[PDB]
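Q: this one's experimental. Sequence and coordinates below.
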Amino acid sequence: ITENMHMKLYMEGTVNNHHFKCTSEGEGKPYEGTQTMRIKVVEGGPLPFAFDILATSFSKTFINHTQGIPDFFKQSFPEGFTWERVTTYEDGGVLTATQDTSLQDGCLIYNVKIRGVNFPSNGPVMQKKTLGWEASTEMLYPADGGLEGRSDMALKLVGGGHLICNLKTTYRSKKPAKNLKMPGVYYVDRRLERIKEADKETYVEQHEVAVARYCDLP
């Protein structure tokens, strides 16, 4: 795991009985928590749903773990790790995602599968009325020799409001427990910004900055 790393991603899934597929490539600085991802919809494009709901399904290795906080993600290599997530929108939609992360010849390989159901046909997501995410904080705590994450996020809406969702994630290392220095309870602050898009969201460029921390309060 080096100062500059590349990544290839592979996504496929169904949102409201709408099948799609994506690929992407990107590079970032794993230790400064920055990363960039250039994505294509290679099937099912253009998508009938806001592309913003797939944003979080595109990289746990690019999180700055300062304060010598034990990095569960960088330690998991070369075996890699997996994550699972159920995202729950306050308006009904539910998006489950299962992901595999492997290192292949100095290159991170992501394999993502998505399944979203019960998204309201008149809501901002299916009407494509969304404008990107606000920054967010995730809280990670050890559980079952792995990590769990909890997060709330706010999706800016067209016309002013926010649509809120809640994230439940599970991170599992493929590396044996004994090799892993497990972290305490900690928090990730991050900001995910859409930097570019074209062709009705069949091309998107994403950037993310992500910094870890304990609580600095007394």
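A: Great, that's in hand. Residues are numbered from 1 along each chain as shown.

Q: so what's the closest residue to residue 134 other than its chain neighbours up against?
A: Nearest in space to residue 134, with sequence neighbours left out and distances taken as Cβ to Cβ, 6 or more residues apart in numbering, is residue 154 at 4.3 Å. Every C-beta, even on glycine, is put in place using the N, C-alpha and C of the backbone. Residue 154 sits next to 133, 134, 136, 162, 163, 164 when contact means Cβ atoms under 8 Å, 6 or more residues apart in numbering.

Q: just the buried residues from these, in PyMOL please.
A: Buried members of those, defined by 16 or more other Cβ atoms under 10 Å, are picked up in PyMOL with:
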select buried, resi 133+136+163
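
Q: just give me the closest of the contacts of residue 154 to residue 95.
A: residue 163 (12.8 Å; Cβ to Cβ).

Q: tell me which helix or strand the closest one sits in.
A: Residue 163 belongs to strand 162-173 when assigned by DSSP states H and E.

Q: that strand packs against which elements?
A: Here strand 162-173 touches helix 72-75, strand 81-89, strand 136-143, strand 146-157, going by 3 or more Cβ pairs under 8 Å, 6 or more residues apart in numbering; DSSP states H and E.

Q: quick one: strands adjacent to the helix or strand that comes right after it?
A: The helix or strand immediately downstream of strand 162-173 is strand 186-198, counting by DSSP H and E. Using DSSP bridges, the strands paired with strand 186-198 are strand 136-143 (antiparallel), strand 203-213 (antiparallel).
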